[PDB]
K.L.:
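Got a structure for you, questions after.
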Amino acid sequence: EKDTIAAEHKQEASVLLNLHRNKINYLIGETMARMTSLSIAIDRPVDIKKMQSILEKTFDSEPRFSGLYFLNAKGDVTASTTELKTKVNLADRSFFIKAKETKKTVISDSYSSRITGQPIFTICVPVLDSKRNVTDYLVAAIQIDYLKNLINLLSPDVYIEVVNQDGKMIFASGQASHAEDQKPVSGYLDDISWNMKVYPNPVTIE
Amino acid sequence: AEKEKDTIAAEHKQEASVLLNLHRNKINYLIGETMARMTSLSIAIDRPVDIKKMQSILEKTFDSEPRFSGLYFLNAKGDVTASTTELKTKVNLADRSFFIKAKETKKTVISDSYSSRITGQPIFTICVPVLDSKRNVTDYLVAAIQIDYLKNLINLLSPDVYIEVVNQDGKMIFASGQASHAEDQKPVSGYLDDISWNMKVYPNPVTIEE
């Protein structure tokens, strides 16, 4: 019968899945690339005043970001796009610990910014000296809400879910009613363990 | 019946759409990330630029990135002052359309493809003007990408499909696969994001099996 319109509704969902993952994968990889390039280009030893201006310039007009920060070896925030009320320290963060040990870039899961209270995930790049000692950290915090609006903006009338590897809702876009009786086409992102589920839309009057 | 040729054909077409999206994204990513890298460099450098430091930055950026033909820094005149490629002569690029537009627009430029003056290979470039305080263009970052790197990426993923990339003038940028696989097919087509190349993915025909 109209299994025909269903199968097509399904491949549309698949097409959407790849579009949206590609977008977010792109956003994450691009940010990583920006940070990596900053680390390479800035005169060493890092001058804090210069870093401060660079983060401001980079942060400027990129709703992508919750904030951009720079940390010292101890994990104190020493440069920041958000005016900081008190001293802030992120050495307790999972991504900080991992970044310190691996001396490699780290992407975090969603949490609530100590600095803004908003939900975010971060990209954290260790800055190394000549002897490959980790001395500082670039920290790029992305607003989860930006990703949500990004997806919503393109697929407002499909229901999509983003869930981490443990079932925690990262976010959803669109009306859940659309998912009734639908199995989702789904897949994980590249650099972060978030699973995206796109529900095909129902077969309607035709 | 004959209606099941239609059925298979439709799947072939769909697969063509799938490849169009997959392959465009790979190129869009390359271009976008390169723009982002170049822009971050332009912001992070301390004026007045030390050309030896710049040379070092470009080498480190270039290292292990088959994507790149080369990376270059230009003075305000278009002279190449730093180069990942061993230059045998002075090189000036001020005559390039991308240079002229970068200078005039004071914004990032993604060029059409052409034959590199430096390596003789097909390339296209990402050019980012470096501004001073009064927003005067003082220098240029230039990232030259190998067309053939893009062609070989695609051909290696989709060896059995014929795919064309073409500019607005109708110039073939590159093709991949055997043109014969396209006989009696309209391609599925679409543009890249940052440069107006159009990619055409041809559906494979319905074989005997069936």
Side-chain angles (χ1 to χ4, degrees), chain A residues 30-60 65 67-81 84 88-91 93 95-106 122-141, chain B residues 33-65 68 70-75 81-84 128 130-133 138-143:
Chain A
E30 194 212 64
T31 302
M32 294 171 64
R34 294 193 169 286
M35 298 301 100
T36 289
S37 293
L38 285 179
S39 182
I40 288 167
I42 186 177
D43 278 340
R44 313 301 195 80
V46 169
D47 184 90
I48 200 51
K49 302 302 189 184
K50 270 129 170 45
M51 186 55 273
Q52 181 62 31
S53 74
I54 288 166
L55 288 187
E56 290 168 350
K57 289 177 169 166
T58 297
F59 173 79
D60 226 276
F65 297 128
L68 297 184
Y69 318 95
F70 196 64
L71 314 178
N72 68 10
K74 302 172 173 193
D76 303 337
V77 180
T78 57
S80 169
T81 54
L84 283 182
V88 177
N89 183 282
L90 305 177
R93 293 302 192 196
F95 72 75
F96 180 89
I97 294 155
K98 182 182 178 182
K100 173 168 182 155
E101 272 178 356
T102 66
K103 306 188 192 172
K104 295 181 183 76
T105 298
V106 174
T122 95
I123 299 165
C124 172
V125 167
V127 182
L128 313 177
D129 73 8
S130 77
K131 303 162 45 200
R132 289 196 76 250
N133 294 318
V134 178
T135 57
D136 309 88
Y137 301 85
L138 282 162
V139 173
Chain B
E33 192 194 75
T34 301
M35 296 165 65
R37 289 196 176 287
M38 296 301 98
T39 298
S40 275
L41 293 189
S42 93
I43 291 168
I45 58 178
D46 212 335
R47 242 122 315 184
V49 180
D50 180 284
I51 206 68
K52 293 196 64 72
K53 169 67 167 178
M54 176 59 50
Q55 178 63 33
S56 212
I57 287 170
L58 290 182
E59 279 159 8
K60 206 153 176 182
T61 305
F62 179 69
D63 179 71
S64 281
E65 308 294 297
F68 289 134
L71 302 179
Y72 313 98
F73 195 58
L74 312 182
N75 65 17
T81 43
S83 168
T84 57
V128 173
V130 173
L131 306 160
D132 71 12
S133 300
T138 63
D139 303 80
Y140 305 77
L141 287 161
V142 173

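Proteins come first, then strands; the chains are lettered A, B, ... in the order of their sequence lines, and each starts at number 1.
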K.L.:
So, A:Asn133 side chain and A:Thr135 main chain: donor-acceptor pair closer than 3.5 Å or not?
P.N.:
no

K.L.:
Which atoms form the tightest heavy-atom contact between A:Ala79 and A:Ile48, and what is the distance?
P.N.:
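Scanning both residues, the minimum pair turns out to be CB-CD1, 3.8 Å.
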
K.L.:
How long is the span from the CG atom in A:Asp136 to the CG atom in A:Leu128, to the nearest 0.5 Å?
P.N.:
9.5 Å

K.L.:
Rounded at 0.5 Å granularity, tell me how far OG in B:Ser133 sits from CZ in B:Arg47.
P.N.:
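Here the rounded value is 8.0 Å.
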
K.L.:
How far does CD of B:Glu65 sit from CG of B:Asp63, to the nearest 0.5 angstrom?
P.N.:
7.5 Å

K.L.:
Counting N and O atoms only, with roles assigned by atom type, does the side chain of A:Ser37 sit under 3.5 Å from a partner on the main chain of B:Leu41, one being a donor and the other an acceptor?
P.N.:
no

K.L.:
Go through it in stages, so that I can follow the logic: the residues are A:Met51 and A:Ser80, the test is side chain to side chain contact (heavy atoms under 4.5 Å, CB included), and I'd like the CA-CA distance, side-chain angles, deciding distance and then a yes or no.
P.N.:
CA-CA 9 Å; A:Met51 186 55 273; A:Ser80 169; over 6 Å; no

K.L.:
Does a sphere of radius 6.0 Å around NZ in B:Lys60 hold more than 12 heavy atoms from other residues, nucleotides or ligands, not counting ones at 6.0 Å or beyond?
P.N.:
no

K.L.:
If you take all heavy atoms of A:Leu84 and A:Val88, which pair is closest and at what distance?
P.N.:
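In terms of heavy atoms, the two residues are closest at CD2-CG2, 3.7 Å.
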
K.L.:
What heavy-atom pair brings B:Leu141 and B:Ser42 nearest, and what distance separates the two atoms?
P.N.:
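Looking at all heavy atoms of both residues, the shortest contact is CD1-N, 3.6 Å.
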
K.L.:
For the residue pair A:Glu30 and B:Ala36, what are the closest heavy atoms and their distance?
P.N.:
CG-CB, 3.5 Å

K.L.:
Do A:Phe70 and A:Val77 come within less than 4.5 Å of each other through their side chains, counting heavy atoms only?
P.N.:
no

K.L.:
Looking at B:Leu71 and B:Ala143, what are the two nearest heavy atoms and their distance?
P.N.:
CD2-CB, 3.4 Å

K.L.:
Do the side chain of A:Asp76 and the main chain of A:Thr78 share a donor and acceptor less than 3.5 angstrom apart?
P.N.:
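Judged by distance alone, no pair lies under 3.5 Å.
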
K.L.:
Among A:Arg93, A:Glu101, A:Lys100, A:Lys98, which residue meets the side chain to side chain contact (heavy atoms under 4.5 Å, CB included) test with A:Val106?
P.N.:
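Looking at A:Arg93, A:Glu101, A:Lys100, A:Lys98, the match for A:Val106 under the side chain to side chain contact (heavy atoms under 4.5 Å, CB included) is A:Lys98.
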
K.L.:
Given side chains that start at C-beta, do those of B:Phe68 and B:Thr34 come closer than 4.5 Å, heavy atoms only?
P.N.:
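Sidechains of B:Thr34 and B:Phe68: in contact.
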
K.L.:
Which distance, rounded to the nearest 0.5 Å, do you find between the CD1 of B:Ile43 and the CD1 of A:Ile42?
P.N.:
12.0 Å

K.L.:
Over all heavy atoms of both residues, which pair between A:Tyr137 and A:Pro126 is shortest? Give the atoms and the distance, please.
P.N.:
CD2-CA, 4.1 Å

K.L.:
Is it true that A:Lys50 and A:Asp43 have a side-chain N and a carboxylate O under 4.0 angstrom from each other?
P.N.:
no

K.L.:
Do the side chain of B:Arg37 and the main chain of A:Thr36 share a donor and acceptor less than 3.5 angstrom apart?
P.N.:
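Checking the backbone N and O of A:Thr36 against the side chain of B:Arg37, no donor-acceptor pair under 3.5 Å is found.
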
K.L.:
Treating A:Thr81 as the side-chain partner and A:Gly67 as the backbone partner, does any N or O pair qualify as donor plus acceptor under 3.5 Å?
P.N.:
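Side chain of A:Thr81 to backbone of A:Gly67, a donor-acceptor pair under 3.5 Å: no, none is there.
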
K.L.:
With a 4.5 Å cut-off on side-chain heavy atoms, are A:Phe96 and A:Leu71 touching?
P.N.:
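Yes. Closest side-chain heavy atoms under 4.5 Å.
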
K.L.:
Just verifying a value: how many Å separate A:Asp47 CG and A:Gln52 CD, rounded to the nearest 0.5 Å?
P.N.:
11.0 Å

